[PDB]
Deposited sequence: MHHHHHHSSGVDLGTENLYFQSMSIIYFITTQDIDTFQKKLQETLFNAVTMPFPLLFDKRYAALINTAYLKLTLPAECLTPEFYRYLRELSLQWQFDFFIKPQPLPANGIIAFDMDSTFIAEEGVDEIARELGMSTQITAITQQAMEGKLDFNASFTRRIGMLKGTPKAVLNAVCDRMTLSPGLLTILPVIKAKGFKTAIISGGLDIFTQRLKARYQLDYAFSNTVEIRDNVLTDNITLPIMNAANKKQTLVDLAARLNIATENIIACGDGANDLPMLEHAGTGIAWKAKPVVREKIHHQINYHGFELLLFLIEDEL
C-alpha cells in the first residue's frame, strides 16, 4: 500500500512506449501491459513507490504526456466506489454548446457570441451572461429547441462506459448551467439517474424569459453535488465529477476524483486527472479495481 499505480494509454506501440518511457523517467518499477476487454483498450500499468509521486513528478509526467500525446491516470486510493459520477453538460457530456447551437439555428451567433465576449473579457457577470443570452431567445418554439437537442452529439466513449458505471453501482448525474429542456431530455434519453440545471419556463409552447432563481452558477453546481451526495449518503472520496470549463472548477475541486475533459487551460492547471486524447471509456481506470 506504499505502492502507487499509474495507467498509461497511448496509440504508440506499447513496447516502444514502455522502452521510451523508462529511459526518459530513469525502488522497483513494475510494468505490466494489459488489455481491458470491456473498453477495448490495451494499456500499460506501472507500479512504483508512493514516495515517487510528487508534485514535481506529476508536472513532468503531464508535460510529457502532452508532448508525446498520451493519457494517463494515477490510480486514486482509495478507489471511488458505489458513488456518484456527475457530468457537466456542454462540451462535456455532449460535444456542443446548447445555447450557441440554438443561436446559430436562429441566425444570432454574432449577438450571442458577443455577450460571451463581454463575460470572458470580464466586462460582464456570468449570471448576466446567462440571463442576456436567454433573453435573446425569448419566443423560441419548443420544437426548434427539441430539434436542436436532437442533433446534439454524445461525447465519445459514454455509450460504452455508462452501462459499466451502472454495473459498478454508481449513480450518474448531469449538473450544468444550461437549459432544463436539454438537460432533462438528455437524462431521459440515456437513463441518467439525476439531472439538474437552470430552469427557463416554456409557456404556450415558446421559451419565456422566466428563469428560476437562484441561477445555477459555478458555486451552485458544487452545492448541488454536495446536496446530492448528502441525500444519497455518499462520501466525498466516492464522488467523481467531470467537466471542461472554469464554471466547473468548484464542482471538480470538491469531488474526490475530479476529471478535466479536454479542458480549458485554467482547468487543466488545477485538475490533475484528465482525459485529453481518448474518450470517456477511460473512466474505467477510476472505478474498476481489477486492472
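Relative to the deposited sequence, which regions have no modelled C-alpha positions in the structure? In sequence order, the gaps with no modelled C-alpha are 1-20, 47-52.
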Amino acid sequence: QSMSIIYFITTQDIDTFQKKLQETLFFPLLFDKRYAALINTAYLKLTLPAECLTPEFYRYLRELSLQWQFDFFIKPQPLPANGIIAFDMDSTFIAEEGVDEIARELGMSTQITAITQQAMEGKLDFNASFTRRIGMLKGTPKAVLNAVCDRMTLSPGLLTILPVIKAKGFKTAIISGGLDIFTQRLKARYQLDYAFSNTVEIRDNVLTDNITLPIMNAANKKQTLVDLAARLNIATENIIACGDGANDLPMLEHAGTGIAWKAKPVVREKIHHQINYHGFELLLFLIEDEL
From here on, numbers count along this sequence of modelled residues.
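Can you let me know which of the two, 45-53 or 241-249, has the higher average C-alpha B-factor in the entry? Comparing 45-53 with 241-249, the higher average CA B-factor belongs to 45-53.
Do the C-alpha atoms of 28-36 or of 223-231 have the higher average B factor in the entry? The stretch with the larger average C-alpha B-factor is 28-36.
So if I compare the CA B-factors in the entry for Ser155, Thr116, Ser176, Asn205, which one is the largest? Across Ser155, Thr116, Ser176, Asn205, the entry lists the biggest C-alpha B-factor for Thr116.
Check the PDB entry and point out which of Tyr194, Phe72, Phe87, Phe130 has the largest C-alpha temperature factor. Reading the PDB entry, the winner on C-alpha B-factor is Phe130.
Ranked by Cα temperature factor within the chain, is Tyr58 in the lowest third, the middle third or the highest third? Tercile = highest for this residue's CA B-factor.
Relative to the other modelled residues of the same chain, rank the CA B-factor of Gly122 and answer lowest, middle or highest third. It falls in the top third of the chain.
For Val200, return the chain-relative third of its C-alpha B-factor as stated in the PDB record: lowest, middle or highest. Lowest third.
Looking at the entry's B-factor column for C-alpha atoms only, identify whether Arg104 ranks in the lowest, middle or highest third of its chain. It belongs to the highest third of the chain when residues are ordered by C-alpha B-factor.
Within this chain, which third does the Cα B-factor at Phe93 fall in: lowest, middle or highest? It belongs to the lowest third of the chain when residues are ordered by C-alpha B-factor.
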